[PDB]
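So this one's two forms of a single chain, laid out as structure tokens and tagged structure 1 and structure 2.
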Structure 1
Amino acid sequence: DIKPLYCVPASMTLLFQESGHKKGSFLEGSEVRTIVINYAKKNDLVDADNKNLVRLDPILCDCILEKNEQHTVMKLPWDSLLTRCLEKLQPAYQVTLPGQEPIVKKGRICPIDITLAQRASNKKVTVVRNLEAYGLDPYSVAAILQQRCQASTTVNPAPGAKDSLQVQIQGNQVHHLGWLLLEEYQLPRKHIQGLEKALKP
């Protein structure tokens, strides 16, 4: 139940101007499609000889083409035009947690990762990355899990490129994350990695 969205970047503002959507507006794919189709129709861009094709105007050339060769009409089929527009838009998505207003996020959807690891020769820990991508506060999750698991939790920087926090829980707690994420927060299973390593269903 996460909803994909598209965010209008500065480079595409002239395309979206007539539809009334500014830099930073969030749109569903179906809305982008309507807007782009209307732009082509309103600006008389449909190829008269082949109505499967759209002749790109300078605005479209500028914001979806890498190179605009001079004295050459650039034509794209409708579906290619729409695909390129969607690709050039910024990826985004919307998460709705139970009992709360929806939360918009910029970026590609990344999974929550739940991993078992060794902290010592025989001390297993559970490490949970990308909670914030789903609007979850690692400190809150850590507190909930410390009670649910009856095991110490900590919050630390997650190693890697992204400036994000991870939750660590002492012991093997993957099954408790299944409860928390799938049952309590109703998050989609397809966006969680590591639950298959739990002790039990």
Structure 2
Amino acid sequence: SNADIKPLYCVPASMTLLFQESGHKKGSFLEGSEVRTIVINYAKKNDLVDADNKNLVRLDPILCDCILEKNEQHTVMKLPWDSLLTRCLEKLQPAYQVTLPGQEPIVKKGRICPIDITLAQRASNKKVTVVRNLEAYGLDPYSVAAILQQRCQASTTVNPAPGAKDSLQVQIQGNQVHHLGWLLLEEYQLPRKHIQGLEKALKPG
């Protein structure tokens, strides 16, 4: 199938008491729909829904501790579902899941960024194609480099990339943006919105 990128939420230590009944512990990964279900179940099971307004949840000490701010601790007594749920989601750790065609899903902590393709102008009219953030998608830069050497019939290297430690970029001699289009869009079937820099291609390919 097409590559799948799915947002996830990771349970921090501060929210383990809320998630206890659900069976999830610190470090569990959840989809947003599961979080909603768990929080609604919590409010119901603990009889926290307001008798006179079903849109409202009275906060117990567990909810007060993990989703209220410090300036709200002894002030806000009830929250509507919309606020309660949004707060719960924001307190969880951001994460995501990438499923490349024919592969098992790879889980990642943090927020997804696109693969970034740039052209670097060197020597005399000699360009180099630079490809960054492959690892964010579970792609091995050395494998990508080897594939592109075959595809582009041009020399590839893997080199350190700016930013975080041990980050890598693939460099290909010449202007090869169109071949990255082939590799990422066709071979790995990644959604177009996860790639930056294809607008720099010589030809649509």
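Start at 1 and count along the sequence of structure 1; that gives the residue numbers used here. The term rigid core refers to the maximal set of C-alpha atoms that superpose within 1.5 Å between the two forms.
No residue of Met74, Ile112, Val125, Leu82 other than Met74 has its CA displaced by 2 Å or more between structure 1 and structure 2 when the core is superposed.
Relative to the superposed rigid core, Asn50 undergoes a CA displacement of at least 2 Å between structure 1 and structure 2. On a core-based overlay, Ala161 has a Cα shift of 3.6 Å between structure 1 and structure 2. Once the two forms are overlaid on the core, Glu101 shows a Cα shift of 1.0 Å between structure 1 and structure 2. The rigid core superposition between structure 1 and structure 2 gives a CA shift for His191 of 1.1 Å.
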